[PDB]
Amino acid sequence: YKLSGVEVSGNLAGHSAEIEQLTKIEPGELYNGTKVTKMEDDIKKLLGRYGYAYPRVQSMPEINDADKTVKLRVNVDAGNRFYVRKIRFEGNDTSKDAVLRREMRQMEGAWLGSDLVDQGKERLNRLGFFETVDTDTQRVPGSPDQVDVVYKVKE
């Protein structure tokens, strides 16, 4: 099966132009399910950079029996945009909060940027103080548009 095209629809939160480029297909490209999954993940990652922490993406192939071609229908729902209430470090028993906090690129009170959160993780990992560093972007009970960013570390 060949790909005839990719049609994106839904709530793209103003990022249609970038998303269209992420779903660009080459002339004569064949349908491949794992390429579809990668594309969906690329879209979710992009939306995360802008504070859409829980986007939904669903793809649906439309098969053309006569031409043996597939048209890919991609539905995107960016969902809610979240800002950060607190950045929390859990597991730092020896390393003082201030040492971890100066490595942060995400600001408290600002829109979530999943890339900023990831940069903080990489910076903490680079220090060599921790065996493991994981991040959890958690919803805040009672506050619909807030997340906490929790860095879970093991010393």
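When you see a residue number, it is the position in the sequence shown, counting from 1.
Peer 1: Which wins on mean Cα temperature factor, 128 to 136 or 12 to 20?
Peer 2: Averaged over C-alpha atoms, the B-factors run higher in 12 to 20.
Peer 1: Give the stretch, out of 34 to 42 and 111 to 119, with the larger mean C-alpha temperature factor in the deposited entry.
Peer 2: Higher mean C-alpha B-factor in the PDB entry: 34 to 42.
Peer 1: When you compare the CA B-factors of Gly91, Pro27, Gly51, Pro55 as listed in the entry, which one comes out on top?
Peer 2: Within the set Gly91, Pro27, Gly51, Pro55, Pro27 shows the top C-alpha B-factor.
Peer 1: Among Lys96, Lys68, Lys86, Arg102, where is the Cα temperature factor highest, going by the PDB entry?
Peer 2: By C-alpha B-factor in the record, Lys68 ranks first.
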